[PDB]
Amino acid sequence: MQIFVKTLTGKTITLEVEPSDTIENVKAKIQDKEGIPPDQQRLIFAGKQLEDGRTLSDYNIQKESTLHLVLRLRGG
Amino acid sequence: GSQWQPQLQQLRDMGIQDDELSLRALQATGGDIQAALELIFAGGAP
Numbered sequence: 001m002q003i004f005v006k007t008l009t010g011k012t013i014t015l016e017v018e019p020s021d022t023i024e025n026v027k028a029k030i031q032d033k034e035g036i037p038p039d040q041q042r043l044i045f046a047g048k049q050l051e052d053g054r055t056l057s058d059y060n061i062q063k064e065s066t067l068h069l070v071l072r073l074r075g076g
Numbered sequence: 063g064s065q066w067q068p069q070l071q072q073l074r075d076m077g078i079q080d081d082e083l084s085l086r087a088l089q090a091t092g093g094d095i096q097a098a099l100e101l102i103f104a105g106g107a108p
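These protein sequences, in sequence, are chains B and A. Its first residue numbered 1, the first sequence is counted upward by one per residue in PDB author numbering. Its first residue numbered 63, the second sequence is counted upward by one per residue in PDB author numbering.
Okay, here's the thing in structure tokens:
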């Protein structure tokens, strides 16, 4: 299924994953194309925190869902 | 209360959990939501 990962700035990336894909694997895929380590990938679905050990189907994440890739760095 | 209290909630609902980082970003920007988004995204002032 196709999902949309939209960052805070506005940058949206397309990701190809399956319903059985773990959130952790999702971050690993994002890192490979964006270069952003999972450590800073605080994936939040409109307020719903996505646990790495959970799957996309766990949070009822359907196709064309917009996930928010929040880069939580240590600064500010 | 806080001057950016309602702002934090707006961010939280959009896709934020840590209100601390939100406050820090709002504080650094002087009171701007979109600019604060870049603040956290960059991890401070690049």
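Cβ coordinates follow ideal geometry from the N, Cα and C atoms, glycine included.
Residue i versus residue j - alpha carbon distance
| i | j | result |
| --- | --- | --- |
| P37(B) | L15(B) | 16 Å |
| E51(B) | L83(A) | 19 Å |
| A97(A) | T7(B) | 13 Å |
Residue i, DSSP secondary structure in three states
| i | result |
| --- | --- |
| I13(B) | strand |
| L73(B) | coil |
- Query: At which residue ranges does the segment 64-97 of chain A contain complete alpha helix (DSSP H) runs of 4 or more residues, listed in the order of the chain?
  - Reply: Entirely contained in the segment 64-97 of chain A, the alpha helix (DSSP H) runs reaching 4 residues are, in chain order, 67-77 and 81-91.
- Query: Mind listing which residues of the segment 1-16 of chain B have their C-beta closer than 7 Å to chain A's C-betas, in chain order?
  - Reply: Taking 7 Å as the Cβ-Cβ cut-off against chain A, the residues of the segment 1-16 of chain B that qualify are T7, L8 and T9.
- Of all the residues that make up the segment 93-106 of chain A, which are near chain B by a beta-carbon distance shorter than 8 Å? Legend: CB atoms of the segment 93-106 of chain A lying less than 8 Å from CB atoms of chain B belong to residues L99, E100, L101, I102, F103, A104, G105 and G106.
- Query: Curious, which full-length beta strand (DSSP E) runs of at least 3 residues does the segment 4-55 of chain B contain?
  - Reply: For the segment 4-55 of chain B, the full-length beta strand (DSSP E) segments reaching 3 residues or more read 12-16 and 41-45 along the chain.
- Does the pairing of the segment 76-90 of chain A with the segment 23-39 of chain B give three or more beta-carbon distances under 8 Å? The segment 23-39 of chain B and the segment 76-90 of chain A do not touch, with fewer than three beta-carbon pairs separated by less than 8 Å.
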